[PDB]
Structure formats: structure tokens, C-alpha cells
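> pasting an experimental structure with its sequence.
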Amino acid sequence: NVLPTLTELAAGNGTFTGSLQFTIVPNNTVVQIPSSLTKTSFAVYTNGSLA
Amino acid sequence: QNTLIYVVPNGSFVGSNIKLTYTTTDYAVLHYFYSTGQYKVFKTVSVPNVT
């Protein structure tokens, strides 16, 4: 269990607290913007991946 | 004889609270329920977040 164990804050309360971190790891996804509307093409690698 | 009084300054009024921890006055009760976590009992009384 790499997930942290949510520890209750009080006896018979119902609130459990832990920790959750997030980051962005870039990935590859080609998006083509034609030159018919911008006079210059754009090959865009998108956001990435949420981790 | 049975009254407890908690007084807090102006800045500590929001969420001022008392936690009561009752422990057995018995050696056997401490020894036999250390693993179960039910040899001391704790509860809390706090100033409610009121509208």
C-alpha cells in the first residue's frame, strides 16, 4: 500500500485525513493547425499527463 | 463539584474546545485493552460554527 492510510481526526467523527500530491508529466499528442487559416502551420504537442 | 470551565481570549474563541480523556483507574483494564485501543476514551466539545 503506497497510498497513505487516511487517519481519523477524532473518535466516531467520520473525517479521515491523508496526503495527495499531483504533477504533470509531458506526453506526445500531435495537433495540426493548418496554414489555410494562419499562413503558418503549427504542430502542437499537447498538455501532457496528470500524475 | 462537577463543573469544568474553559475560558479563551478573544482571538481563540473561534473553535475553542475541550478534549476529555477518561482512563480506567484499574491496572487490568489498561493491560487487557491496550491493543484494541479502548482503554482510554476521548471526546471533544467545541464552539459550533453558527450562522
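Received the coordinates, thanks. Residues are numbered from 1 along each chain as shown, chains lettered A, B, ... in the order given.
> how is residue B:30 assigned, secondary-structure-wise?
When the structure is split into helix, strand and coil by DSSP: H, G, I helix; E, B strand; the rest coil, residue B:30 lands in helix.
> phi, psi of the residue nearest to it when sequence neighbours are not counted?
If you skip the residues right next to it in sequence, residue B:30 has residue B:39 as its closest partner in space, 5.3 Å away by CB to CB, 6 or more residues apart in numbering or on different chains. Every residue, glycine included, has its C-beta placed from N, CA and C. As for residue B:39, its main-chain torsions (degrees, to the nearest 10) stand at phi -100, psi -20.
> I figured residue B:39 hits residue B:29, correct?
Yes - applying CB atoms under 8 Å as the test, residue B:39 and residue B:29 come out as touching, 5.8 Å apart.
> tally of neighbours for residue 48?
As the question left the chain open, I've gone with chain A. Counted with other CB atoms under 10 Å in any protein chain shown, the burial measure for residue A:48 works out to 13 neighbours.
> if you could check chain B rather than the one you did, that'd help
By other CB under 10 Å, the burial measure for residue B:48, its neighbour count, is 7.
> and for residue B:40?
Applying the criterion other CB under 10 Å, we find 13 residues in the vicinity of residue B:40.
> that one pairs with what?
residue B:23 (DSSP bridges).
> next, work out how far apart it and chain A are.
Counting by CB to the nearest CB, to the nearest Å, the gap from residue B:40 to chain A is 10 Å.
> cool, and residue B:24?
Distance of residue B:24 to chain A, computed by CB to the nearest CB: 16 Å.
> contact partners for that residue?
Applying CB atoms under 8 Å, 6 or more residues apart in numbering or on different chains to residue B:24 gives the contacts B:30, B:39-40.
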